[PDB]
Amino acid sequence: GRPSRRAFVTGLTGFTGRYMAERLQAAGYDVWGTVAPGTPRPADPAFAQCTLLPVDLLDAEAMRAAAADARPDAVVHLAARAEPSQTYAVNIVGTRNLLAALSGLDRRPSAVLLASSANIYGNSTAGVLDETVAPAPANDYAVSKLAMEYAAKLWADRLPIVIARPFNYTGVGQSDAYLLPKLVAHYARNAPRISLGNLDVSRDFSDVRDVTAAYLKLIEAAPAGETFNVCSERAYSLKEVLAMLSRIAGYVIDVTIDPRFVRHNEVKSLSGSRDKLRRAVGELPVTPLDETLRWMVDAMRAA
C-alpha cells in the first residue's frame, strides 16, 4: 500500500522538484510537498502519487500545520525566489519558517537537505572550487542564498541539516529563462540565429537527474552540519555546447554577440569539485552533457 515513510519537499512541482519526487519515490518514500496557494493544479503525471499542500513559505503558521500533518522523515527544501526585498524574505525567512516548523514536531526528521547555490562563490578566479573557497556572492539572489545557509545553521542543535551548493544544471522542463534551454529551444525549432555573450567562457553543467540522485544520497547519509558542492567537475564553453547541438540538430546556428550578455570581468573558466561529496557518499555516474542536451532537444520536438 501507500508507504509509511514520508518525504516533504518544498517547491515540489517546480523543475527540480519533479525529478526529486521520482528519486524519493523510487527510494520508497511517500512524497508530500508544498505548492503556491491559488495557482492552478499541476497536470504532470509525475505528481499523481504526491500529496500537495498549498502553503506560502512566508506563512509561518500554515508551514507549521503542513509539517505537523506531513510528519516527514526526510525534507528537501527547493522552494526559493529567483523586488530584492522578496528575494531576501522568501530565501531567508521562508527557510527559517520551514526549520521552525520541523523543529516543533514531536518527531524531528532524520535529514533536512537545503538547496543553496554555487552562486554564493560568485566570480572566483580559483578555477576549480571546493567548499573552502571564500564566498563572494555577486547579486542579491546569491547573497540571500548565503544568508540562508547562515540562518539555517542556527537550527543545527535541533535538526540534522545538510546544505547543497549545486552548480549549473538543466534538463527537460527547465524554463528558457535559463541559457541551455534557450539554446535547445532555438535548435529544436531550427532557428537560423541566436544572440549570446562570449563563447569562450567555460562553466560546470549537470543533468538535473544526476543532481537529484546526489540529493537523495545526501538524504540517505544525512551528514548533519556539512555543506557539499554538487557538480559535474567538467567545464564547457558555449562554443562546445553549440558544437554539441549542431551535431544533434544537423546544422550550425548563426551567432550574434550581444553586449547585453557580455560581462567584462567574467572569469574564463570556473568549475566545481565534488570530491567532498564523493568521499561522503561514494562515486556517482555522470550523465554526459551531450546526452542531456539530446534528451532536451528530443523532448522539445516531441511536444
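Residues carry their position along the shown sequence, with the first being 1.
Counting the deposited residues that fall between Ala126 and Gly127 and carry no coordinates gives zero. As listed in the deposited structure, the average C-alpha B-factor of 193-201 and of 110-118 is greater for 193-201. According to the PDB record, 181-189 carries the higher mean C-alpha B-factor of the two stretches 181-189 and 86-94. Per the deposited coordinates, the residue with the largest Cα temperature factor out of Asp56, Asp258, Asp69, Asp30 is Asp258.
For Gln25, the recorded CA temperature factor ranks within the middle third of the chain's modelled residues. The entry lists a Cα temperature factor for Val9 that places it in the lowest third of the chain's modelled residues. When the modelled residues of the chain are ordered by C-alpha B-factor, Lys217 sits in the middle third. When the modelled residues of the chain are ordered by C-alpha B-factor, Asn265 sits in the highest third. In the PDB entry, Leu99 places in the lowest third of its chain by CA B-factor.
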